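Encoded as structure tokens, the structure appears first; notes follow it.
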2 protein chains.
Amino acid sequence: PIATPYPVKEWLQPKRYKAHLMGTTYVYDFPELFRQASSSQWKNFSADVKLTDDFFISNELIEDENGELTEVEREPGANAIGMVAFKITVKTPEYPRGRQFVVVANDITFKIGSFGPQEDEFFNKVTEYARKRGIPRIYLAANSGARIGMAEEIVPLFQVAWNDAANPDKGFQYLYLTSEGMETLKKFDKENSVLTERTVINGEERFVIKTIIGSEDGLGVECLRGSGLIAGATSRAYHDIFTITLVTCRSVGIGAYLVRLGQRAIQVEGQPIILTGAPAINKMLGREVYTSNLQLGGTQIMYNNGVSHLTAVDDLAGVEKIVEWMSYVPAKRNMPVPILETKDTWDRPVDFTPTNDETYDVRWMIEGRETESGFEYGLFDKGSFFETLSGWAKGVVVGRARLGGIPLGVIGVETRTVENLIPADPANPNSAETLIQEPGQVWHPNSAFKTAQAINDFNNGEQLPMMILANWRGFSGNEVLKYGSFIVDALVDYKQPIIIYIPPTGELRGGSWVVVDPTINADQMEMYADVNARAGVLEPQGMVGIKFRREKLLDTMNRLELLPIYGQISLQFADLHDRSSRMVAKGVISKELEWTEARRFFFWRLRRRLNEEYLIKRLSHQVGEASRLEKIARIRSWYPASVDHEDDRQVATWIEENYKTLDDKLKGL
Amino acid sequence: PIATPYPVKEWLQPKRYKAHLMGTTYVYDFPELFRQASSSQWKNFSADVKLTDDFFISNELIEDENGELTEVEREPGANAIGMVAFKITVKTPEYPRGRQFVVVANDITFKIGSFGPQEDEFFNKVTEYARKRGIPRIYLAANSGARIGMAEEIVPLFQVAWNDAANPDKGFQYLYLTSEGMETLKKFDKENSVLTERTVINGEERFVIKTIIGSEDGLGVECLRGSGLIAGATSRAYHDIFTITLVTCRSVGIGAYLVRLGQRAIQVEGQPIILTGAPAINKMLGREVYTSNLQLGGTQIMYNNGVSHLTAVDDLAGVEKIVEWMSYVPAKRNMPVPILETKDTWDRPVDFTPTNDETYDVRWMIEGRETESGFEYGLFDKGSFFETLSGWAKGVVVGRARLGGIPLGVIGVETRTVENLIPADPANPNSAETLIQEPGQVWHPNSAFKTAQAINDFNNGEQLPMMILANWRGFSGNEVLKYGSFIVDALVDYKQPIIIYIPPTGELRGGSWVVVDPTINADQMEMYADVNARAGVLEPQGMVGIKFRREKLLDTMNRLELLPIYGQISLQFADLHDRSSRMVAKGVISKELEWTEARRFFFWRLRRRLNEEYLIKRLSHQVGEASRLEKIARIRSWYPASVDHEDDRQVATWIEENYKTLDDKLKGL
Ligand SMILES: C[C@@H](Oc1ccc(Oc2ncc(C(F)(F)F)cc2Cl)cc1)C(=O)O
Ligand SMILES: C[C@@H](Oc1ccc(Oc2ncc(C(F)(F)F)cc2Cl)cc1)C(=O)O
């Protein structure tokens, strides 16, 4: 393109053009996308904000002579390997003073962005660089999988010992190198390129090749080791720091695997996640079954199965989703979750309220609904709900949100009936589309798996508090059994305060309660039941049909048919047990709450709990053998004699008024 | 039964008869079953062994006044709760001096062996009693799920406020208690049994009941809490001590859940594992779909899905399987795995050997095969292989075994084609039986899940070393993706030395290698490749069709159709790369081994590694900030200047000759 206003980027560095031709952004151009997403992040928080370019800094990372990652500034496209890294320090609304994180990405323009030993080592170095600093690791997937190849320096000068040179088609016995052939390697110093054994015949000597190694690195097994390295490295990363992946062009083999290992992933439409090549798959299936790779690792597949937590219209949308996601996570490991107050204060009732005589969307309780006559506020801050895994297991809703600025993970039950339509089966010209009916408030294999996943994803890396608006009436298909224990495990491992609240029209029966009972992890869990909720081992219908047969029905009968009415009286007699009042009496819940006052209660209870948890931790550096009970008990003995321990606002208030004073007490131990 | 030789047990204590009528063993009679299994255990180890009854001791456990578990001796059937516990101290071949473990079981004769608050608390107390002492917990499942019921003391004297006493069928508004009714409760002191509000009408006062609580404990939510308690307690137990479950009569609700939470489970034929009642399921399905519960939680279902690791013809067979399983696990947490030498010494070659021109059963390589002309010894001790999860994911074989007495977990790839026949679908009169073809050396969703499970089950509680005869050529259905990371996670968590050995005719391609590469956990993992094995990113066929097209084929062609032969030359050229020799050159394996000499090598390498691991641990009590590298390096500096560090036998020999001497060195730090 001649005569253009300004210089042609795609000409100055053709690699940029190659990347675009691939349908993706040039690696070195991604940082600019983060500055834009970051800049937009401010505009949406406060339009009147004069932003200076020093609010976003990007510093590429390359290994020095000691293989140690260091910051440098060089011209794009100067990377010697197919892997690049950037250290980003940007000021955001959640962190005005600024925050940091790393970005690892494949250079799709460098050897089809394949994973070679040098690229793996680098990816591994970056990962631990982020883990060590407790910083989040963002990975941009755009690869072709593990690098492959043969010792090309042997394919031209390799000899074969046929059965008879006369009739070559008769077959052969082995391959070898001649005295000359062997000399050529010694000349290029590529002797190690092969293993042979001198053998003479009716002619001269014929060095029989027993094994080909090759002088080039990245032909086979060495690439498999590099993959395992980064695979296990990512696995550890996930339990250490915040990990997220964005599929920008395509992710193959180890690339697709890494997407799952990092767990949280956003897939850009059109960019497929391929484990094994489609063309190769048609070979292991016989006839041509698939046409394009999109039909395999497309968004309409990965996003629906839960592998892709989110999708993006394009790369910039992808970066924005990443940036928005991070707004809920701490600047770094072990750091207080990013507190962020907006126009929606904590002091206000909850407008939206579900009714037994009306279908509703759980989301309306979470963020709120917009009616024709105004906006009904929900339990959490307006527009603070960021849902994820929205294309899989619609039965349950998971997302981040804010409670008066306090970021937390939220899981709610979808009362509406889910209509999961499973596409036809390509590997079978007979089977077609299949519509599935996923009842509301009913646990399914995918629903339990999604719940466990959500819990772990909230706990690991994100380190956020959590609220589950428990509202399940049962389960059905054993996969439900297996994944079931996944949930209890995730809860035992939770390290932040948890809150289980059975919503108003909600209910919690049988094992649906067991899997989330506070006694699973009393150190972090508390359970509340709305005055309009219900809970019991069995639903009214099931109870009566067991402990209220017909003989007990007749005996009661004293109005002397009237079975229909007396029958309903049974259900009502039972229902009178599944009341929140009873829950309190039995002490199975911390207390019963009112939906409209919930927000005010939960905001202070959580703010108060976070304060004590902080203290319980600062105290976990004195006498080693100290029970958490003995810890919280000592800390509460520091409160003034007039402070009501049950008063959250007061307790939170005093503590925040004496952080240093309390610190001194700690230092004096 | 009159005139019987000896007293009639079933008469002395009718509960025994009730249990038998249930088709199960009486709880208090189970200890005797363990003495018999234990006694048989000796007969099979050494017939010439005069065993005295003091080799097996059983002491029941009940809570004292402080709720603390204590040992007592009382008449069977005197248990006040539906839960019983026994502490067993038996002398076994692996532990002549004796070993200990606990046995928790439901009393099916006590309120249909249902889980009540008192039973849950007890189950929880026993579990931690075992965890605290590091002792194994054996649970005998024979229950009816969580206890249920209503405040019966209200159903007879409860009044209803009809719309008009004239026409009761017209309906009602609420229920209440009269001045008299209220008095009756105050008389029985059951006032808390309900919550009311005095309300007067055209008549007198009518205490409207707003909530029914009941004076009896175990009606609803309190039972759900008890379940959650033991659910999360079992979950923790699994990561702490050796947990196993035996379904003796039936396990319902929380009972079935606990089976999964304890992971390792043995199901007796005929005894079903039911999550939700079948009769109730027919109600949530409309018409009668299922006839018996066996069709749901039967062995032909649980065992095939992997929930039941093993099945037993009857209870005693069940106990034997438990006893035999424990022979591979340590007396207790953190204790050296149970070393046990038999007639099959370590010093001997490996007889059985697979051939590319012959189908074989991986098991023959493991334990060996019995031919018409003698017995071909395998890699491990004869008859020491104890396979588990044998009815699910036949694609992979998992079990315990012994290497010259050294107990370890083993996983191997089933080369033969699996024929998983999925039964018809009852919830659909249209769908029938479906036969599935699971190719050998090919990873499937169930196969990866089974592998991860095996690894975790070996690591947690069992604390055993592990060997995986890696031999996978690929994978296929994404569930394979999800469960895939389950494997890498399990390896990162492994705490005992691991050994990955690609068998002779075996091979390891693509991601099949990544998921088990040593670099995933270098602290415990080592990888060996047989000289007759093959490994690479892609199989010969795939490689040539990518880096050896037709133009490269023709160019090479110098014999001037001959495509068939030249084509084969391609495959051979590539295959020459996937050789173990190359693996060594690239340093991706510790070394290449010979199948017949493997046993001798692995026996000493493992014995040597266990010795150093012990030392690396004893050293983990000195200078806190010490790298494992710095640890093993210091320990190896203690070896004599003449000892070859690479010589396992020598190293193992010296160390075992100077345990105390080394101890002194440690104490002097
Ligand atoms: C209270 C209840 O105990 C149960 C019942 C089923 C149960 O198993 C499950 N519970 C929940 C799920 C999930 F994950 F879907 F919520 C799965 C199972 Cl298998 C656990 C405890 C009972 O015994 O009635
Ligand atoms: C070496 C290979 O990298 C891969 C390929 C696929 C891959 O994903 C999986 N690998 C193994 C399994 C399992 F568990 F079946 F063994 C599953 C997946 Cl998704 C991981 C790494 C490559 O890029 O060619």
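Each answer follows from the model by the rule given with it, or from the source it names; none is laboratory data. Backbone-built Cβ (ideal geometry, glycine too); neighbour counts: all protein chains shown.
Out of all the residues in the range B:203-246, which are more than 16 Å from ligand 1 (Cβ to nearest atom) and in contact with a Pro (Cβ under 6 Å, 6 or more places away or on another chain)?
Within the range B:203-246, B:241, B:242 qualify.
Just checking, which of A:351, A:357 is in contact with an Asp or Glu (Cβ under 9 Å, 6 or more places away or on another chain), surrounded by fewer than 22 Cβ atoms within 10 Å (Cβ to Cβ) and within 21 Å of residue A:506 (Cα to Cα)?
Numbers: A:357 fails: in contact with an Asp or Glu (Cβ under 9 Å, 6 or more places away or on another chain).
Going through A:351, A:357 in turn, just one is in contact with an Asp or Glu (Cβ under 9 Å, 6 or more places away or on another chain), surrounded by fewer than 22 Cβ atoms within 10 Å (Cβ to Cβ) and within 21 Å of residue A:506 (Cα to Cα): A:351.
Would you mind finding the one in B:92, B:127, B:109 that is over 28 Å from residue B:274 (Cβ atoms) and of a type in the set (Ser, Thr, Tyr)? Break it down stepwise before answering.
Working: B:127 fails: over 28 Å from residue B:274 (Cβ atoms); B:109 fails: over 28 Å from residue B:274 (Cβ atoms).
After applying the criteria, what remains is B:92.
Hey, does the range A:452-464 have a residue that's within 30 Å of residue A:241 (Cβ to Cβ), of a type in the set (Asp, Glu) and away from ligand 1 (no atom under 16 Å from the Cβ)? Write out each step before concluding.
Kept after step one, since they are within 30 Å of residue A:241 (Cβ to Cβ), are these residues of the range A:452-464: A:452-464.
Subset that is of a type in the set (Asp, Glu): A:457, A:462.
If we keep only those that are away from ligand 1 (no atom under 16 Å from the Cβ) too, we end up with A:457, A:462.
Looking through the range A:452-464, at least one residue is within 30 Å of residue A:241 (Cβ to Cβ), of a type in the set (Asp, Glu) and away from ligand 1 (no atom under 16 Å from the Cβ).
Would you tally the residues in the range B:503-527 being more than 7 Å from chain A (Cβ to nearest Cβ) and more than 19 Å from residue B:415 (Cβ to Cβ)?
7
Specify the residue that is nearest to the chain's Cα centre (by Cα); the eligible residues are those in the range B:214-236 that are more than 7 Å from chain A (Cβ to nearest Cβ) and assigned to a helix (DSSP H, G or I).
The residue in question is B:234.
Taking residue B:261, is it within 16 Å of ligand 1 (Cβ to nearest atom) and either of a type outside the set (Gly, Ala, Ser) or crowded, with 24+ Cβ neighbours inside 10 Å (or both)? Lay out the reasoning, then the answer.
Details: within 16 Å of ligand 1 (Cβ to nearest atom): yes; either of a type outside the set (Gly, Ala, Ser) or crowded, with 24+ Cβ neighbours inside 10 Å (or both): yes.
Answer is yes for this residue.
For the range A:153-177, which residues satisfy the criterion of being part of a helix (DSSP H, G or I) and facing another protein chain (nearest Cβ under 10 Å)? Full working, then the answer.
Step one: list which residues in the range A:153-177 are part of a helix (DSSP H, G or I), which gives A:153-154, A:168-170.
Once the filter is applied, which keeps residues that are part of a helix (DSSP H, G or I) and facing another protein chain (nearest Cβ under 10 Å), the range A:153-177 yields A:154, A:168, A:169, A:170.
Select, from B:342, B:311, B:276, the only residue that is within 16 Å of ligand 1 (Cβ to nearest atom), touching a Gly at 6+ places or on another chain (Cβ under 9 Å) and of a type in the set (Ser, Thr, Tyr).
B:276
Assuming residue A:211 fulfils every condition listed in (1) touching a helix residue (DSSP H, G or I) at 6+ places or on another chain (Cβ under 6 Å); (2) more than 7 Å from chain B (Cβ to nearest Cβ); (3) not in a helix (DSSP H, G or I) apart from one, which condition is it?
Among (1) touching a helix residue (DSSP H, G or I) at 6+ places or on another chain (Cβ under 6 Å); (2) more than 7 Å from chain B (Cβ to nearest Cβ); (3) not in a helix (DSSP H, G or I), the lone unmet condition for residue A:211 is (2).
Working carefully through the options B:152, B:121, find the one that is among the acidic types (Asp, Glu) and surrounded by fewer than 16 Cβ atoms within 10 Å (Cβ to Cβ).
Numbers: B:121 fails: surrounded by fewer than 16 Cβ atoms within 10 Å (Cβ to Cβ).
Just one listed residue meets the conditions, B:152.
Going by what's in this entry, would residue A:246 be described as assigned to a helix (DSSP H, G or I), more than 11 Å from chain B (Cβ to nearest Cβ) and touching a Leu at 6+ places or on another chain (Cβ under 8 Å)? Step through it out loud before you land on a result.
Numbers: assigned to a helix (DSSP H, G or I): no; more than 11 Å from chain B (Cβ to nearest Cβ): yes; touching a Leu at 6+ places or on another chain (Cβ under 8 Å): yes.
For residue A:246, the condition - assigned to a helix (DSSP H, G or I), more than 11 Å from chain B (Cβ to nearest Cβ) and touching a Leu at 6+ places or on another chain (Cβ under 8 Å) - is not met.
Return a yes/no flag: does the range A:573-580 have any residue that is in a helix (DSSP H, G or I), within 37 Å of the chain's Cα centre (by Cα) and polar (S, T, N, Q).
Residues of the range A:573-580 that are in a helix (DSSP H, G or I), as a first pass: A:573-575, A:580.
Adding the requirement that they be within 37 Å of the chain's Cα centre (by Cα) leaves A:580.
Cutting the leftovers down to polar (S, T, N, Q) gives us A:580.
Yes, the range A:573-580 has at least one match.
Among what's in the range A:533-542 and is more than 7 Å from chain B (Cβ to nearest Cβ) and assigned to a helix (DSSP H, G or I), pick the residue that is farthest from ligand 2 (Cβ to nearest atom).
Step one: of the range A:533-542, the residues more than 7 Å from chain B (Cβ to nearest Cβ) are A:533-534, A:539-541.
With assigned to a helix (DSSP H, G or I) added as a condition, the list becomes A:540-541.
Details: A:540: 46, A:541: 44 Å.
The extreme case among them is A:540.
May I ask you to verify whether residue B:497 is in contact with a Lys or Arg (Cβ under 7 Å, 6 or more places away or on another chain) and not aromatic (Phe, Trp, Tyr)? Show your work before the answer.
Values: in contact with a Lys or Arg (Cβ under 7 Å, 6 or more places away or on another chain): yes; not aromatic (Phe, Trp, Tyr): yes.
Taking the combined requirement at face value, the residue satisfies it.
Of everything in the range A:47-78, what is touching a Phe, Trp or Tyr at 6+ places or on another chain (Cβ under 8 Å) and assigned to a loop (DSSP other than H, G, I, E, B)? Give them in sequence order.
Passing the criteria: A:49, A:51, A:76, A:77.
Just checking, which of A:178, A:196 is surrounded by 15 or more Cβ atoms within 10 Å (Cβ to Cβ), under 53 Å from the mean Cα position of the chain (by Cα) and not assigned by CATH to the domain that holds residue A:83? Talk me through it step by step, then tell me what you get.
Details: A:178 fails: under 53 Å from the mean Cα position of the chain (by Cα).
When all the criteria are applied, what remains is A:196.
Taking the conditions exactly as written (assigned to a helix (DSSP H, G or I) and more than 9 Å from every other protein chain (Cβ to nearest Cβ)), does residue B:560 satisfy them or not? Break it down into steps so the answer makes sense when it comes.
Numbers: assigned to a helix (DSSP H, G or I): no; more than 9 Å from every other protein chain (Cβ to nearest Cβ): yes.
No, not satisfied.
Return the only residue of A:17, A:26 being farther than 28 Å from residue A:222 by Cβ, touching a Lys or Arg at 6+ places or on another chain (Cβ under 9 Å) and buried (at least 21 other Cβ atoms within 10 Å of the Cβ). Steps first, answer last, please.
Values: A:17 fails: buried (at least 21 other Cβ atoms within 10 Å of the Cβ).
Exactly one residue qualifies, and that residue is A:26.
So which residues in the range B:78-100 are in contact with a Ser or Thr (Cβ under 7 Å, 6 or more places away or on another chain) and surrounded by fewer than 21 Cβ atoms within 10 Å (Cβ to Cβ)? Spell out the reasoning first.
Initially, the range B:78-100 is screened for residues in contact with a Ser or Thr (Cβ under 7 Å, 6 or more places away or on another chain), giving B:82, B:86, B:88, B:90, B:92, B:94, B:98-100.
Listed by number, the residues that qualify are B:94, B:98, B:100.
Mind telling me which of the residues B:329, B:319, B:323 ends up being farther than 19 Å from residue B:39 by Cβ and surrounded by 16 or more Cβ atoms within 10 Å (Cβ to Cβ)?
Numbers: B:319 fails: farther than 19 Å from residue B:39 by Cβ; B:323 fails: farther than 19 Å from residue B:39 by Cβ.
B:329 is the lone residue from the list that is farther than 19 Å from residue B:39 by Cβ and surrounded by 16 or more Cβ atoms within 10 Å (Cβ to Cβ).
Scan the range B:563-577 and report the pairs whose first residue is within 7 Å of another protein chain (Cβ to nearest Cβ) and whose second residue is part of a helix (DSSP H, G or I), with Cβ atoms within less than 6 Å and a gap of 6+ or a chain change.
Final answer for the pair search is B:565/A:169; B:574/B:540; B:574/B:543; B:574/B:544.
Return a yes/no flag: does the range B:565-572 have any residue that is over 30 Å from residue A:157 (Cβ atoms), polar (S, T, N, Q) and either outside the structural domain of residue B:510 (by CATH) or surrounded by fewer than 15 Cβ atoms within 10 Å (Cβ to Cβ) (or both).
Our first condition is that a residue be over 30 Å from residue A:157 (Cβ atoms); within the range B:565-572, this holds for none.
There is no residue in the range B:565-572 that is over 30 Å from residue A:157 (Cβ atoms), polar (S, T, N, Q) and either outside the structural domain of residue B:510 (by CATH) or surrounded by fewer than 15 Cβ atoms within 10 Å (Cβ to Cβ) (or both).
Hey, does the range A:513-531 have a residue that's in the same structural domain as residue A:467 (by CATH) and farther than 21 Å from residue B:220 by Cα? Quick ask: steps written out before the conclusion?
Of the range A:513-531, the ones in the same structural domain as residue A:467 (by CATH) are A:513-531.
With the extra rule that they be farther than 21 Å from residue B:220 by Cα, the set shrinks to A:523-524.
Among the residues of the range A:513-531, at least one is in the same structural domain as residue A:467 (by CATH) and farther than 21 Å from residue B:220 by Cα, which makes the answer yes.
Looking at B:196, B:127, B:89 in this structure, which one is within 14 Å of chain A (Cβ to nearest Cβ) and part of a strand (DSSP E or B)?
Numbers: B:127 fails: part of a strand (DSSP E or B); B:89 fails: within 14 Å of chain A (Cβ to nearest Cβ).
Answer to the selection: B:196.
Quick check: anything in the range A:31-52 touching a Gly at 6+ places or on another chain (Cβ under 7 Å), in the same structural domain as residue A:78 (by CATH) and among the small types (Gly, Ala, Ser)? Break it down stepwise before answering.
We begin by selecting, within the range A:31-52, every residue touching a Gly at 6+ places or on another chain (Cβ under 7 Å); these are none.
No, the range A:31-52 contains no residue that is touching a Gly at 6+ places or on another chain (Cβ under 7 Å), in the same structural domain as residue A:78 (by CATH) and among the small types (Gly, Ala, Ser).
Considering each of B:241, B:201 in turn, give the residue that is more than 16 Å from ligand 2 (Cβ to nearest atom), surrounded by fewer than 21 Cβ atoms within 10 Å (Cβ to Cβ) and away from chain A (no Cβ under 11 Å). Spell out how you get there, then give the answer.
Numbers: B:241 fails: surrounded by fewer than 21 Cβ atoms within 10 Å (Cβ to Cβ).
Checking each option against the conditions leaves just B:201.
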